[PDB]
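This report refers to the structure that appears directly beneath it.
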Amino acid sequence: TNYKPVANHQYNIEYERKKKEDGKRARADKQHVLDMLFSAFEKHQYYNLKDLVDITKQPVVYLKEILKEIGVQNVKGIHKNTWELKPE
Amino acid sequence: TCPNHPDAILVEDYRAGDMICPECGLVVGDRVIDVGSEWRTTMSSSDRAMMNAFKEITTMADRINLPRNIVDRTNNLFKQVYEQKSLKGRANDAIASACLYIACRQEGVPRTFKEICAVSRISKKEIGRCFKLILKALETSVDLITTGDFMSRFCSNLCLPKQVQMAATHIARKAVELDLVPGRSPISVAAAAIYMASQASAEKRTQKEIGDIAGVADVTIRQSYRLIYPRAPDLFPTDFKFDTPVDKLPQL
Amino acid sequence: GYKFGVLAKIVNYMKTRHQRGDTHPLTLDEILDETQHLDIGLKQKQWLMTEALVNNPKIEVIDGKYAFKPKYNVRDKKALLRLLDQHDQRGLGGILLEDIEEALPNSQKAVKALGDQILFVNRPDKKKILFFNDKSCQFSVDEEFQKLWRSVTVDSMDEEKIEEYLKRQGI
DNA sequence: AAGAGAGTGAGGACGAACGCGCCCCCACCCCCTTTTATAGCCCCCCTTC
DNA sequence: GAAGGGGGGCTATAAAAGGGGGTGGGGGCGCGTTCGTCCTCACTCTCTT
Ligand SMILES: [Zn+2]
């Protein structure tokens, strides 16, 4: 009864169904994305790119372009170089 | 190369490991033949990726108790496909699982795509996608599976006697020969044939039981069984002992 | 949110306004209406008036109002040549090609028009640095001579040996 | 003819170097969607008893 | 509640579009050990006294 034939594993279809339902992240307008980024900047001084993506919920490439337009990354000697939301 | 005999086939000698003129006796080469060896008497990404893929292949094989020869054949297929690099985009696990499927087919002991999927994290859909790509890349082919290619594994996994397996093999082959199930998958026919033979013997297996081992939904078994049920007396082997008479086989 | 999510839209909205070609200055209150920030805090109005709208290098105070600073940004071919000349004359340094493209729309026409007058230095990240082409003293030789110049290794010799050759040949 | 300081042998704590990772960013590909005929397989839901 | 049937979905097949997301291959630097340099001290001579 072990390794019985199966078209797809239950864990795989459930994950696939969840991704399909959630769908891919869309490209929001720059103004709305900028407003969300600046609003969240008050909560903390610095954000990680991966963590910032979850908050903004925008494509990584699109988010990076917006962040590059204003934001910059500072080299930190404690963990690694991370993005700083302050343009200056 | 006897100086007296240009173009002479020197005879290898194992006494000292030298080649002697076939008709002079002159020893050309003192002890150059190396008799003992001849006659039986910091890892690269490509290498590391192959290493992990080989580990996955062996891990998959042990799950379904495959012999090492199939694993070796699978490893050779992966090297060809991996080095050819037509499937670089595809995940190595999918390539390995498809290679394992091909290796089983090439050795005459096919495992159904569901059987290979059950031992791999890759879905059956993706294995089929990589299966077709591998054949194109390697310019190879696999002989079409038959109903009898699964009778031994299925019947053995169902704890069915040898006579039931023999009858099941005969029924499935005869049904295909009579074209009673045109277009049906061989696995579906094999499961239905097993069900008919099983129901006609002391060891009776339900539709659900055969589906689980065969990987075929009981509905699919029901459809194929319904097609062959009318010709039940003809499909059964002539020298078969019916615990349950053919006329009293389940109807559904 | 508060004190940070309101000032940005003022700058962003102002940048878009200039692209329409409206060089006319705008008041603090006037910009707030179009930025949907009419409810901005009272102490933010003075903070923007006193610090944000004067310290920023893109805000020009005109007749008491505020207007964009296209003069500082390069928007003409002649300005591009002049800016590089000042950098070389004052030794300020080069400018990345990206900083000019944003400031100068269709910068390719100006960059190609000046031709060799601009020295392009490609960074490892493909970023190009522009430097003024000082045409005062120029000198070049064939690649054969340059390759031969490299073939004459000099870092592999000590001071004593290097100076010895002078008296060896009689110079 | 006798004091502090020192040579020598000798033991003990600390900084730069060496690894030795764990995390990250940039190509590359795949996937998403839409249409259509085809047939088998399979799953969810409804219905009969 | 068990079982059969109806309706609906998945799959391959081509082809194009544009772009998000996953993944593999390199690059980057922080933190647990290791050895030589630095520093401290017990037992005898020496310049100054
Ligand atoms: Zn001879």
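The basis for the numbers below is simple: all heavy atoms, side chains too, and nothing from hydrogens, waters or symmetry mates. Chain letters run A, B, ... following the sequence lines, proteins first, then strands; residues in each count from 1.
A donor-acceptor contact shorter than 3.5 Å is absent between the side chain of B:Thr74 and the backbone of B:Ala96. The main-chain N or O of B:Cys117 is never found under 3.5 Å from a side-chain atom of B:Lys124 such that the two would form a donor-acceptor pair. A donor-acceptor contact shorter than 3.5 Å is absent between the side chain of B:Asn157 and the backbone of B:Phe154. Checking side-chain atoms of C:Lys128 against main-chain N and O of C:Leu97 turns up no donor-acceptor pair under 3.5 Å.
Relative orientation of the B:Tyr101 and B:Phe113 rings is parallel, given thresholds of 30° and 60° on the angle between their planes. Note on ring orientation: taking the six-membered ring where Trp is involved, the planes of B:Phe78 and B:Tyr82 are parallel (angle under 30°, cut-offs 30° and 60°).
Counting any heavy atom pair closer than 4.0 Å across all strands shown, B:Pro182 reaches sugar-phosphate atoms only and no base atom. A:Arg17 comes within 4.0 angstrom of nothing in the nucleic acid, heavy atoms only. Contact annotation for A:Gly77: backbone-only contact, meaning every heavy-atom pair under 4.0 Å involves sugar-phosphate atoms and none involves a base. Residue-level contact check: B:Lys124 touches neither bases nor backbone, having no heavy atom under 4.0 Å from any strand. Backbone-only contact: B:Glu126 has heavy atoms under 4.0 Å from sugar-phosphate atoms and none from a base. B:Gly215 comes within 4.0 angstrom of the backbone, heavy atoms only, and of no base.
A canonical Watson-Crick or G-U wobble pair links E:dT23 to D:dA27, with each of its two hydrogen-bond distances shorter than 3.5 Å. With the cut-off at 3.5 Å for both distances, E:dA17 forms no Watson-Crick or G-U wobble pair with D:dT33.
For B:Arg129 and B:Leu252, each mapped to the nucleotide of DNA chain E holding its nearest heavy atom, the one lying further toward the 5' end belongs to B:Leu252. Position along DNA chain E of the nearest nucleotide to B:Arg226 versus B:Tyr82 favours B:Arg226 as the more 5'-ward residue. Take the nearest nucleotide of DNA chain D for A:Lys20 and for A:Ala7: the residue whose nucleotide is more 5' is A:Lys20.
Side-chain contact between A:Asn8 and A:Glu16: present, with at least one pair of heavy atoms (C-beta onward) separated by less than 4.5 Å. A:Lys30 places a side-chain heavy atom less than 4.5 Å from the side chain of A:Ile66.
The P atoms of D:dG15 and E:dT40 are separated by 14 Å, rounded to the nearest whole Å. Taking atom P on both D:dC31 and E:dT11, the two are 11 Å apart, rounded to the nearest angstrom. Comparing E:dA17 with D:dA27, their P atoms sit 23 Å apart, to the nearest whole Å. Rounded to whole Å, the separation between the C1' atoms of E:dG19 and D:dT36 comes to 26 Å.
D:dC22 has a negative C1'-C2'-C3'-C4' torsion, placing its sugar in the south range. Using the sign of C1'-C2'-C3'-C4' as the criterion, E:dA14 is classed as a north pucker. The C1'-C2'-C3'-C4' torsion of E:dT40 is negative. Its sugar is therefore classed as south. North puckering is assigned to the sugar ring of D:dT34, since its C1'-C2'-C3'-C4' angle is above zero. In this entry E:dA16 carries a north-puckered sugar, per its positive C1'-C2'-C3'-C4' angle.
Distances from the side chain of B:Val216 to the nucleotides D:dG40, D:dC42, D:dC24 place D:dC42 closest. With D:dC43, D:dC41, D:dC24 as the candidates, the nucleotide lying closest to the side chain of B:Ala217 is D:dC43.
Put simply, CZ on A:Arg27 is 15 Å from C1' on D:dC32, counting in whole angstrom units. Here the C1' atom of nucleotide D:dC30 and the CD1 atom of B:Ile95 are 13 Å apart, to the nearest Å. Between B:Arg222 atom CZ and D:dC43 atom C1' the separation is 13 Å, expressed in whole Å. Remark: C1' of D:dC30 and CD of A:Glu16 are 14 Å apart, rounded to the nearest angstrom. Rounded to an integer number of Å, the gap from A:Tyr15 OH to D:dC31 P is 13 Å. Taking atom CD on B:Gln207 and atom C1' on D:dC41, their separation rounds to 16 Å, with Å as the unit. If you take CD of B:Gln223 and P of D:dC41, they are 7 Å apart, rounded to a whole angstrom. Atoms OH (B:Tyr225) and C1' (D:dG40) sit 22 Å apart, rounded to a whole Å.
A:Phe41 has its ring centre no less than 6.0 Å from the ring centre of A:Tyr47.
Between chain B and DNA chain E, the heavy-atom contact criterion of under 4.0 Å yields a 5' to 3' nucleotide range of E:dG4 to E:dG25.
Across all strands shown, E:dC41 forms a Watson-Crick or G-U wobble pair with D:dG9, both key distances being under 3.5 Å. Partner assigned to D:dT38 is E:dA12, using Watson-Crick or G-U wobble distances below 3.5 angstrom.
In the model, B:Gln84 has a side-chain atom that pairs as donor or acceptor with a side-chain atom of B:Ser86 under 3.5 Å.
Applying the 4.0 Å criterion to OP1 and OP2 of D:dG40, one finds that B:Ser188 has every side-chain N and O outside that range.
Contact annotation: side chain of A:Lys24 to base of D:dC32, donor-acceptor pair present below 3.5 Å.
Judged by the 6.0 Å distance and 45° axis criteria, A:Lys86 is not positioned over the aromatic ring of C:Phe4.
Within residues 45-69 of chain A, the residues that have a heavy atom under 4.0 Å from DNA chain E are, in order of number, A:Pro59, A:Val60.
For A:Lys76, the NZ atom counts as densely surrounded, since its 6.0 Å shell holds more than 12 non-hydrogen atoms of other residues, nucleotides or ligands.
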